[PDB]
Amino acid sequence: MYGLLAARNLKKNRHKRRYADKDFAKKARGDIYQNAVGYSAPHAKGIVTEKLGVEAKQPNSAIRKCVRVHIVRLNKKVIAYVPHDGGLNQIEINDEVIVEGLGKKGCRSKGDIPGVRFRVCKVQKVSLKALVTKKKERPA
Amino acid sequence: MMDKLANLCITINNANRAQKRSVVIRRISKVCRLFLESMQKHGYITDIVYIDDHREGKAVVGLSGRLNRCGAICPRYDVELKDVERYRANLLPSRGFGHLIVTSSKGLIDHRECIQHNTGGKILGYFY
Amino acid sequence: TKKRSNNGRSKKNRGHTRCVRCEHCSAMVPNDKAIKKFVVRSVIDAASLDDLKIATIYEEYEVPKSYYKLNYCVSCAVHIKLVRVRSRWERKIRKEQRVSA
Amino acid sequence: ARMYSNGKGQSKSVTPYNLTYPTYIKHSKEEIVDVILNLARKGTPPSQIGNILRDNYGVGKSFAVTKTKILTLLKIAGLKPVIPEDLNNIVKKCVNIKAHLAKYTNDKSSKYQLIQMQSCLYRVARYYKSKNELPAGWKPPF
RNA sequence: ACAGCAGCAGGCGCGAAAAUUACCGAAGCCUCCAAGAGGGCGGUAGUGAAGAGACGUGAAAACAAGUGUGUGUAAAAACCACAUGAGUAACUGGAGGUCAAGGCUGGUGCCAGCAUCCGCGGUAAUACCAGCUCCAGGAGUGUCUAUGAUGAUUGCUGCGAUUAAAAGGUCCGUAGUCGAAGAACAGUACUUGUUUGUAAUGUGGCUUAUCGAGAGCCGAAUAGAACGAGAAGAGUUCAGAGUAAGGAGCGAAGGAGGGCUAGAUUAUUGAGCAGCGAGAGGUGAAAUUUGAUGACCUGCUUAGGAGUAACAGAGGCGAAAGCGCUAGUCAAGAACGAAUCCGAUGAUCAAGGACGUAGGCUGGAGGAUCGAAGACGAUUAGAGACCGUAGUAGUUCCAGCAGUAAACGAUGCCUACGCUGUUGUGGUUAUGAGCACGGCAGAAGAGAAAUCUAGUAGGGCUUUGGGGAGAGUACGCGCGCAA
RNA sequence: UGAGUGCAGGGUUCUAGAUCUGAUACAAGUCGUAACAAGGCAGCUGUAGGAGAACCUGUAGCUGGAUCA
Ligand SMILES: [K+]
Ligand SMILES: [K+]
Ligand SMILES: [K+]
Ligand SMILES: [K+]
Ligand SMILES: [K+]
Ligand SMILES: [K+]
Ligand SMILES: [K+]
Ligand SMILES: [K+]
Ligand SMILES: [K+]
Ligand SMILES: [K+]
Ligand SMILES: [K+]
Ligand SMILES: [K+]
Ligand SMILES: [K+]
Ligand SMILES: [K+]
Ligand SMILES: [K+]
Ligand SMILES: [K+]
Ligand SMILES: [K+]
Ligand SMILES: [K+]
Ligand SMILES: [K+]
Ligand SMILES: [K+]
Ligand SMILES: [K+]
Ligand SMILES: [K+]
Ligand SMILES: [K+]
Ligand SMILES: [K+]
Ligand SMILES: [K+]
Ligand SMILES: [K+]
Ligand SMILES: [K+]
Ligand SMILES: [K+]
Ligand SMILES: [K+]
Ligand SMILES: [K+]
Ligand SMILES: [K+]
Ligand SMILES: [Mg+2]
Ligand SMILES: [Mg+2]
Ligand SMILES: [Mg+2]
Ligand SMILES: [Mg+2]
Ligand SMILES: [Mg+2]
Ligand SMILES: [Mg+2]
Ligand SMILES: [Mg+2]
Ligand SMILES: [Mg+2]
Ligand SMILES: [Mg+2]
Ligand SMILES: [Mg+2]
Ligand SMILES: [Mg+2]
Ligand SMILES: [Mg+2]
Ligand SMILES: [Mg+2]
Ligand SMILES: [Mg+2]
Ligand SMILES: [Mg+2]
Ligand SMILES: [Mg+2]
Ligand SMILES: [Mg+2]
Ligand SMILES: [Mg+2]
Ligand SMILES: [Zn+2]
């Protein structure tokens, strides 16, 4: 394939090789639009339906606080994590929450939380960081 | 069959590494003659004899102490005068010495003569 | 990792070889790999030759010998102690063993 | 290397540096030229013509005296065969193998040799029917 | 009956996502029968930390932002000039390592939380929650999401395939990519001149807004096309030329290479008959089991179906799978010797075609030995297994199907350049040596090492890998009687 | 020249479904112990039977073997 007039053979071969890369393959041949946050959108709105808790992976020993969210844009139901110290207390059933990604290349689990892929950002139009640290109050 | 200009290069490179002063090279073509004659002009090789054996051809050559390395490029890429310095920087060790040889309508010439004559050509080989 | 340069057998420049059967357990082993042992044993024991000298009718007598070639598989040769495990530099030494009696 | 098998033999014979004229010989030009054309009409292949000239009449390579090659002389005399002698010897070997297999059908080794032989025929045919030495629709005797 | 905002404002929805139902006889342009009329085209401001410049938040004597006039414009506001007051003006992320900066004080005790990654916390936490001091950037700083770089982890330049992931089981073969020396010839590619071909952007500059982005003027330019020129490489032809390129042929010889015909020395079983009169077999040790219907062992007769011991090897032959008794017969091949003939006929290979141990399947022949399945005897907690007794399909042959192996020297095929000693096999020999096919032991280089079919290298062509898993699995398709 | 609309079919993409059958994670549940030491019958590859389950048995192969002899 290294001959001077071999360009056609060379091009067709090298194109076919790239499908061995996971990155190129997923963009070409996988379902890249299945996710609430990803290629489609940076943030997602949804309504809280259940409060939930999950164990951390070994060797850690903890209960992590999680929320069941119905996503307006897809009608899927997903699990999200609630970040801050007393954070679970700032959320009621049937509140609206905005939800965000964990920051890995694909949608992947982070740290010791098994199988959860998003986190809460805002509750009832206001920043959760401000709610928890008592800098601002619920809209009421 | 091997390329004759490739065979020439490996034969002299190995013999130089083994610290021999002379070699016999077994299959010769028209551009092989012109390549060797170029290395003689720049004082990389000293003495050349050609044997007219009626079977292809063969040469006997004396090596100088100045030759570090030589090589052929395959395939022989076409180059504009704008392109030659890219190949010069890729192949040669220093901006101060060594030769990159190019075939042209004016015979074999080096990368300096290309500037003088204002001509590109096809890339052939190098030595330093 | 590769333990021996010859793969533990004497086959070179061939596809396939005849098999033989182990003396101790009847397992099949390739002829070029089997451990071989030669035996030349008198029919009459050394502890009887002094009686033979008064028992025989002939003026002189030569005792008949019996001849054998025996074959062993690796497991049997190691267990019967025809061969033993050896160090990484000893493995390379090749010398002919004695004929048994 | 060899074309149908893994051979790398090197047995050949050296061609001389210069050819001269064979003055040690005991015949004229015209006699040698007569000897060739007789051997030709009797039906000998041109490689055998060469062997006889060397062995019996004492002339090496059969050209130093004539300034002309054996097959060209046969075309000048009009004695040219219908098929080139190489292609002709390939058809013969094929026929032989098919005549063996016709009575000893079980021989897988002979079957193997036939498919090799047949391939070589077609490769030679395509050479000659490009140089206009055979009619375009020529086909094997099979 | 009427009606169609992917015109300008504006509203509702949808979403993670985007401004005023504002002024306009002025600037740039367009339209008419016009010393005039029209234009949401266009211009002017308002709104918003998408982007980009220049500067405030003090000095050691003495500091923005305000205000009033003038300007500015279509009218304005801002900008600039002079004149008045004065003394206002920092946050975001961090402080165990990567990675700049605290083993500080108090709470909490695998809780609550933190942490991109590695990891912290079970009562002595520089990592959680706070106080206090430090660090970094600073009118800005954190997070999420796509992409370029990191990355020689996509490799033209420039990676890998003995053992880490990775050379097709072996051949033939089309399309495709790649192809001697010598003597000559021609100009379409190739390279280059002149002329065309670029507003903005970008590039090399100079000049004016306090400065700096900004604005204004200059010069050269890509790919593409027109006409000339040069002939090294590539291309075409020739034969007083004949490759350590190929094919055809000659001579003497070598080999478990293959098909067929006709024979062979023993051995293992089975029957017949004769002799003898009590055990044989099997194991680590024993039991199933067989024997007075005479076993076992020793004779003589016979009947079958497999196989070729020892010699026999780091020996030979074959494309691989594979091939071992003796004669006769039938085709083709490899190597060697040499002054035979033809002359580029060649390398590698998608598609397509032929062979392929064993076990398996369809039909016929046959059936000694061995033995999946099945059945017993022992051993064990239990053995369905390992061991012993027995026993069927298969194991052999002819005519076919099938298509897999740790089909491995785990090392593709042609072709090169390469140190020494020793030992083989077959020819030839000036007896000094060579040519083809091997084994072995060092060296030098190489490599993560072990080691070396792995040294040197932009020679040609095909196959093939890209962190573990799921997975050589699902769906579709092609072959097969099925597997 | 033809908009619309009947009636059969196809081509695409989604979605329902009694029941069955894969995979993955299961702090540590039940039964054995198949592999790694000659792992207690040396291991592994192809093929064919059998079996609670790892697996066991015949046949040809390989050393990555417990032998460069
Ligand atoms: K971990
Ligand atoms: K084999
Ligand atoms: K051995
Ligand atoms: K030949
Ligand atoms: K070939
Ligand atoms: K072949
Ligand atoms: K070949
Ligand atoms: K409209
Ligand atoms: K609008
Ligand atoms: K916005
Ligand atoms: K302004
Ligand atoms: K702070
Ligand atoms: K702190
Ligand atoms: K503390
Ligand atoms: K990769
Ligand atoms: K490359
Ligand atoms: K295959
Ligand atoms: K020749
Ligand atoms: K024969
Ligand atoms: K078979
Ligand atoms: K059984
Ligand atoms: K039992
Ligand atoms: K058994
Ligand atoms: K039996
Ligand atoms: K077949
Ligand atoms: K087949
Ligand atoms: K395979
Ligand atoms: K060989
Ligand atoms: K390697
Ligand atoms: K399938
Ligand atoms: K086992
Ligand atoms: Mg407008
Ligand atoms: Mg530090
Ligand atoms: Mg920290
Ligand atoms: Mg790599
Ligand atoms: Mg492995
Ligand atoms: Mg591997
Ligand atoms: Mg492989
Ligand atoms: Mg300026
Ligand atoms: Mg040329
Ligand atoms: Mg009896
Ligand atoms: Mg024999
Ligand atoms: Mg031959
Ligand atoms: Mg069979
Ligand atoms: Mg190949
Ligand atoms: Mg992978
Ligand atoms: Mg075990
Ligand atoms: Mg075991
Ligand atoms: Mg091991
Ligand atoms: Zn044994």
Side-chain angles (χ1 to χ4, degrees), chain A residues 12-35 38-39 56-57 60-65 81-90 102-115 117 119-121 127-136, chain B residues 1-2, chain C residues 1 11-16, chain D residues 1-12 84 86-102 104-128 139-142:
Chain A
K12 179 176 181 175
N13 173 271
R14 299 297 190 259
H15 173 83
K16 199 185 91 169
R17 273 178 139 106
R18 291 175 81 180
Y19 283 96
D21 176 14
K22 284 212 281 176
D23 287 346
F24 182 90
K26 175 100 181 186
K27 182 155 192 180
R29 208 162 59 173
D31 183 4
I32 57 172
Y33 312 111
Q34 205 173 200
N35 308 299
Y39 275 81
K57 289 181 174 181
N60 286 349
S61 304
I63 313 291
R64 301 277 180 243
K65 279 80 192 190
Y81 177 61
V82 188
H84 300 282
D85 183 9
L88 184 73
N89 299 337
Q90 312 308 140
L102 300 183
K104 307 288 212 157
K105 275 212 291 162
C107 297
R108 296 204 295 131
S109 161
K110 188 173 84 158
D112 61 355
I113 316 171
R117 297 201 304 174
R119 67 185 187 199
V120 173
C121 174
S127 166
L128 183 61
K129 187 176 181 177
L131 282 176
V132 167
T133 63
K134 291 176 180 181
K135 184 178 180 175
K136 287 200 282 177
Chain B
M1 293 299 277
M2 264 277 282
Chain C
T1 194
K11 185 189 84 175
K12 287 194 179 294
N13 292 321
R14 266 172 277 299
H16 181 268
Chain D
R2 205 69 58 237
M3 183 177 290
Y4 287 101
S5 287
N6 299 322
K8 285 160 87 61
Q10 282 208 339
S11 59
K12 199 185 162 173
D86 287 343
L87 180 59
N88 189 38
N89 281 289
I90 298 161
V91 297
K92 290 175 180 183
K93 288 182 258 189
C94 293
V95 162
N96 287 15
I97 298 156
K98 290 172 68 70
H100 173 105
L101 284 167
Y104 302 124
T105 63
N106 195 253
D107 180 8
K108 287 182 173 180
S109 184
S110 289
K111 289 178 174 295
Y112 174 77
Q113 283 169 168
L114 180 61
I115 73 176
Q116 300 208 118
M117 207 68 84
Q118 284 198 334
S119 300
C120 186
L121 190 166
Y122 297 119
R123 302 236 262 159
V124 167
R126 281 200 298 274
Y127 170 60
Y128 283 123
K139 284 173 185 181
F142 319 147

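Note that ligands are numbered from 1 as they come in the structure, with each ligand's atoms numbered from 1 the same way. Any value given below was found using the heavy atoms of this structure, including those in side chains, with hydrogens, waters and symmetry copies removed. Order of the sequence lines sets the chain letters (A, B, ...), proteins ahead of strands, with each chain counted from 1.
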Practice prompt. For A:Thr133 and A:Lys129, indicate whether the former's side chain and the latter's backbone hold a donor-acceptor pair under 3.5 Å.
Written response: yes
Worksheet item: Has the side chain of C:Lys11 got a donor or acceptor atom that lies under 3.5 Å from a matching backbone atom of C:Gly15?
Response: yes
Discussion item. For D:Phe142, I'd like to know if atom CZ has over 12 heavy atoms of other residues, nucleotides or ligands within 6.0 Å.
Written reply: yes
Item to complete: Using 3.4 Å as the cut-off, note every protein N, O or S atom close to the K ion (ligand 6).
Response: D:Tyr4 O, D:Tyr112 OH, D:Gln116 OE1
Discussion item. Can you give me the closest heavy-atom contact between A:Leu128 and A:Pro83, atom names plus distance?
Written reply: CD2-CD, 4.0 Å
Worksheet, complete the sentence: In short, side-chain hydrogen bond (donor to acceptor under 3.5 Å, both in side chains) pairs touching residues 15-24 of chain A with sequence neighbours left out are A:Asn13-A:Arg17
Worksheet item: Any side-chain donor paired with an acceptor under 3.5 Å for D:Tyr112 and D:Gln116?
Response: yes
